[PDB]
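To find a chain, count down the sequence lines: A is the first, B the second, and so on, and within it residues start at 1. When a ligand or atom number is given, it counts from 1 through the structure's own listing order.
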Amino acid sequence: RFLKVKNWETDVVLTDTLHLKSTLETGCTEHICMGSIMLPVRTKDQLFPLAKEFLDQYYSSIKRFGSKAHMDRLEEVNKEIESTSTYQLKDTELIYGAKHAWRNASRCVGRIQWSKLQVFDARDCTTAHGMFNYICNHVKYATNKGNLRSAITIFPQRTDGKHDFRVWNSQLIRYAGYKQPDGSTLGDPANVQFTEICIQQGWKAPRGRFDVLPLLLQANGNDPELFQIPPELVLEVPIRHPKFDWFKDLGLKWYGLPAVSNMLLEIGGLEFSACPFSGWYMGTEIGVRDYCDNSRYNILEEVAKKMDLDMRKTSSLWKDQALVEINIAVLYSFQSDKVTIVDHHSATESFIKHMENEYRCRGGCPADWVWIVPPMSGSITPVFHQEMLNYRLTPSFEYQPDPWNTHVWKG
Amino acid sequence: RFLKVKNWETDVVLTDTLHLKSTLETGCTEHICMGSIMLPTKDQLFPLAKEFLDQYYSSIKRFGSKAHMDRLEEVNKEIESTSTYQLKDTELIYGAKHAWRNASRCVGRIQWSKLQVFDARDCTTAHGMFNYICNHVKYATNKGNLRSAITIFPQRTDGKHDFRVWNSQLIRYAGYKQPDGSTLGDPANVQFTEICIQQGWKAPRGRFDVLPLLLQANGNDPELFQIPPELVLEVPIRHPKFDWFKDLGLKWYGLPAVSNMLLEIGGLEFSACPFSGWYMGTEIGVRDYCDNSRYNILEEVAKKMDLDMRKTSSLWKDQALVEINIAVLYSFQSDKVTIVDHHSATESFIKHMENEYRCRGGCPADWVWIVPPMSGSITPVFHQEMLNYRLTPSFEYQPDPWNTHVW
Ligand code: HEM
Ligand code: HEM
Ligand SMILES: CNCCN(C)c1cccc(CCc2cc(C)cc(N)n2)c1
Ligand SMILES: CNCCN(C)c1cccc(CCc2cc(C)cc(N)n2)c1
Ligand SMILES: C[C@H](O)[C@H](O)[C@H]1CNc2nc(N)[nH]c(=O)c2N1
Ligand SMILES: C[C@H](O)[C@H](O)[C@H]1CNc2nc(N)[nH]c(=O)c2N1
Ligand SMILES: [Zn+2]
């Protein structure tokens, strides 16, 4: 079966054959679309086909499909599953797997860079302290004094689901949020629950507007431990505006390194519950969502006040006007300190080319339009006008429940 | 089977039960989501009439009444005899308001119940059609105080006798392909603009020439008519701070009036059902003016603002986009023509969603279309999970007549 997508700006039509290789569900049916819904211990039984599938993919990519090296590996894995109920990936397989999980990530606009991913194998790690070490090294390597490099660190895979490695932080670097008795919030409202946990686990909170959270690390199913990332390894960028001198006085800054640490990495049916990954920011992530979401820092009014916009009627577009200047400020700041960042025009245009190249060479590119289109200026980016097919391929990054909700406390 | 939707900005969760009444298909499967794709007999007829009459009679709190049962047999008799049936005025009106109510892609649906319905099923000719349409335009325009309306022409019979309005909207600017290779006027209408000329229209070959109506009655050949200019309300576009802005020579019409869709009610098909409301500002300023394949004026506005257009990262496109949209709202409000900004309209839609969930068990909605094409996440609909499904009565797409019509 062939499926066609059309770009309604360029009339370019592409044909997808890759969806045929799609396994997992979407959440949609013939009678209902769930494309705007945010969130849509394995047996030896189901494990081997999943291993076989992966290994088949792997050996095809290296052009050794049906070789003795291929067959022997299948046999080898088959036996290891029957006698041990699981198996270990070769380094080459782990690297291929991690890159392809990124490549298959349909909500990610930045996938043109997928083949350039630095894979840190942390499968020999045994303790929280060991995790801290790996993570520090990840952060130093990725930051690279401002010239950012994509990386992922992979901790040991799930066994019986009782010895999980987990990073409790949603991101490696993130600002604390504090609920005040008056109901207002100090810092990042999105991190209030996590900050409270850290505090309870013994973290002495400085209680400012931008306190870098501590790492809360769980190894081998044990209770999580607190570590503070060395400040010298956390690159931050004070935000200022190229024309507005008062902007610096808002007191804003942000960190340079976006690093997601709460996702699950599935490769060949194996589950890696601790796999922090990092790249670089698209400007709007900070300047639109982080600064301007009503439930985040929420700086639109204060910025608009200073620009002296007509804030009486929404139809003055004072919110839209302030949003653009804030986003201009974020980009100007990062560029000025030579910390890697990409604007949403540049990023979306690159994704279009990547997507086109993925149709030619791969037969498709699964993409989630709802997430790909930037949260400001949507239709002046080429992705707005691009029809996309969303379906799920493995290897993949998956969601997983927050550890504080599932963890068995030891004491 | 009882689905929930969350607003991630307010934590409000709503439970959807209405989707269970859905009958038509979405185009998605368990394996692939097509949510971003633009375009996915007597025995057929009677269940459709039934489903429709059941909901109609339920809406008037007379489910399982003699009148209900009586009407059901009456329509059954008529289908079994005529191979079709006629809607009572009351059903027709209910039908139309519900097609709008059910339009999952429409952000302006909070007003759905105040639709003025013009019954034009007695129409037999294109001059006839023209007369109905002029009346519609005048009534809906209301000297700038816009009122929603629909005019309904006779239902399809054998597909040989279709009424069609060939225009996509009642009022649209013409578009011409100059020998330069460039495009003068609206590029979206180049092909239809040729068909007008091919059928006899004399273009003023300008930039904002109001297209002529091309009307088809009983499957006959379509005819041209020029709407009385005095009935087409337009808004010169100026900026409340940029005095130079008016020299760009931009204007826009006040009445958005979609004329090419198909209205399906109780199995019956109305291929000519022009309807109209009032603009949300971004349709004009973001899409019409700044789409690359439309008037595409970003670069020239940017020049006039003397913005640093060297790098994409100065966000000069974004900056101009805001100003252009500021101007659109300003000009319409200044001339007292109804318009709504994307903040007000999306906040209204959220309130409507809440009303629909609490009073109907849900509200079908297409996030891809509801989220305005600028400043998406600073409007509340961005953070609102929505379920998309197909309810009837409905507005559907239908093929362009020129590809179909047998002369
Ligand atoms: C290098 C530059 C990168 C850019 C500019 C980028 C951009 C983005 C953006 C803007 C999102 C939307 C998330 C949000 O708005 O909350 C996203 C999602 C995502 N990204 Fe990327 N990313 C980059 C690197 C990476 C890397 C290195 C990985 C994995 C190895 C990755 C995997 C993902 C995944 C799995 C999602 C899905 C999130 C979800 O499902 O909720 N990205 N990306
Ligand atoms: C009164 C103020 C109204 C507003 C502000 C409004 C707004 C909108 C907008 C912005 C869209 C997106 C379409 C696009 O971007 O091209 C839309 C779609 C739509 N509207 Fe409304 N509308 C209004 C009245 C009406 C009325 C009176 C009807 C029918 C009687 C209607 C039926 C529809 C339908 C069927 C669609 C989707 C068409 C499709 O499937 O592509 N609207 N509306
Ligand atoms: C509900 N929010 C999603 C949080 N998650 C799971 C998530 C996943 C991937 C990406 C993001 C946005 C942060 C980010 C991460 C990376 C590696 C790059 C980038 N530009 N942004 C967030
Ligand atoms: C891209 N979609 C095709 C154009 N169609 C079929 C379509 C249908 C309904 C609405 C629109 C947008 C124009 C419009 C119409 C009405 C009544 C109100 C309004 N504010 N805008 C367009
Ligand atoms: C590819 C994508 O489906 C297409 O660009 C859609 C996106 N959302 C839209 N939303 C609205 N309101 N109007 C449109 O024309 C479109 N176009
Ligand atoms: C309800 C809706 O799906 C939700 O708000 C989505 C919309 N699109 C998004 N797009 C990005 N990049 N990030 C997001 O968190 C979201 N959130
Ligand atoms: Zn879908």
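- Atom 15 (O) of ligand 5 has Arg287(B) NH1, 3.3 Å as its closest protein atom, hydrogens excluded (heavy atom only).
- With sequence neighbours excluded, the residues forming a salt bridge (charged side-chain N to carboxylate O under 4.0 Å, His left out) with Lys6(B) are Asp11(B), listed by chain and number.
- Counting protein heavy atoms only, atom 13 (C) of ligand 4 is closest to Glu283(B) OE1, 3.2 Å.
- Side-chain rings of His98(B) and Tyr94(B) approach one another, their centers coming within less than 6.0 Å.
- In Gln386(A), the part holding a heavy atom less than 4.0 Å from any atom of ligand 5 is the backbone.
- In this structure, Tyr173(B) has its ring center under 6.0 Å from that of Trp252(B).
- By the 4.0 Å N-to-carboxylate-O rule, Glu349(A) lies close enough to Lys353(A) to be salt-bridged with it.
- Between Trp369(B) and ligand 5, at least one pair of N/O atoms sits closer than 3.5 Å.
- Between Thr348(A) and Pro382(A) the shortest heavy-atom distance is OG1-CD, 3.4 Å.
- Counting protein heavy atoms only, atom 18 (C) of ligand 4 is closest to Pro256(B) CG, 3.7 Å.
- Within the 4.0 Å heavy-atom cutoff, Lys6(A) does not count among the residues contacting ligand 5.
- The nearest protein atom to atom 8 (N) of ligand 5, hydrogens excluded, is given as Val368(B) O, 3.2 Å; this is a heavy-atom distance.
- Atom OG1 of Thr193(B) is separated from atom CZ of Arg172(B) by 9.0 Å, given to the nearest 0.5 angstrom.
- Taking only nitrogen or oxygen atoms, main chain and side chain alike, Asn260(B) does not reach within less than 3.5 Å of ligand 4.
- Outside the 6.0 Å centre-distance limit, the rings of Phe382(B) and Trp8(B) are not counted as a close aromatic pair.
- Between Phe275(B) and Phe395(B), the gap from one ring centroid to the other is short of 6.0 Å.
- For atom 3 (C) of ligand 4, the closest non-hydrogen atom on the protein side is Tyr397(B) CE2, 4.3 Å.
- Under 4.0 Å from ligand 4, the heavy atoms of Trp278(B) that appear belong solely to its backbone.
- In terms of protein heavy-atom proximity, atom 1 (C) of ligand 4 is closest to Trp369(B) CH2, 3.4 Å.
- Taking 4.0 Å as the cut-off between side-chain N and carboxylate O, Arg164(B) and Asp162(B) do not count as a salt-bridged pair.
- Salt bridge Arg101(B)/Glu356(B): present, at least one basic N to carboxylate O contact under 4.0 Å.
- When heavy-atom distances to ligand 5 are checked against a 4.0 Å cut-off, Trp369(A) comes that close only through its side chain, counted from C-beta outward.
- Between SG of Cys28(B) and SG of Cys28(A), the angle at the Zn ion (ligand 7) works out to 120°, rounded to 10 degrees.
- Nearest protein neighbour of atom 15 (C) of ligand 4, counting heavy atoms only, is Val258(B) CG2, 3.7 Å.
- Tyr139(B) carries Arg147(B) over the face of its six-membered ring, with the cationic atom under 6.0 Å from the centre and within 45° of the normal.
- Counting atoms of ligand 4 from 1 in the listed order, those under 4.0 Å from a heavy atom of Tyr279(B) are 20 (N).
- Judged by the shortest distance from any of its heavy atoms, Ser276(B) lies inside the 4.0 Å radius around the atoms of ligand 4.
- Listed by number with element, the atoms of ligand 5 under 4.0 Å from a non-hydrogen atom of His385(A) are 1 (C), 5 (O).
- Between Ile37(B) and ligand 5, a contact under 3.5 Å exists for no N or O pair.
- Protein heavy atom closest to atom 17 (C) of ligand 4, with residue, atom name and distance, is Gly277(B) N, 3.5 Å.
- Considering backbone and side-chain atoms alike, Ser36(B) places an N or O below 3.5 Å from some N or O of ligand 5.
- In this structure, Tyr295(B) has its ring center under 6.0 Å from that of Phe208(B).
- Regarding atom 4 (C) of ligand 5, its nearest protein heavy-atom neighbour is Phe384(A) O, 3.5 Å.
- Under 4.0 Å is where a charged nitrogen must lie from a carboxylate oxygen, and between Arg294(B) and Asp186(B) at least one such pair does.
- Remark: ligand 5 atoms within the under-4.0 Å shell around heavy atoms of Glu387(A) are 1 (C).
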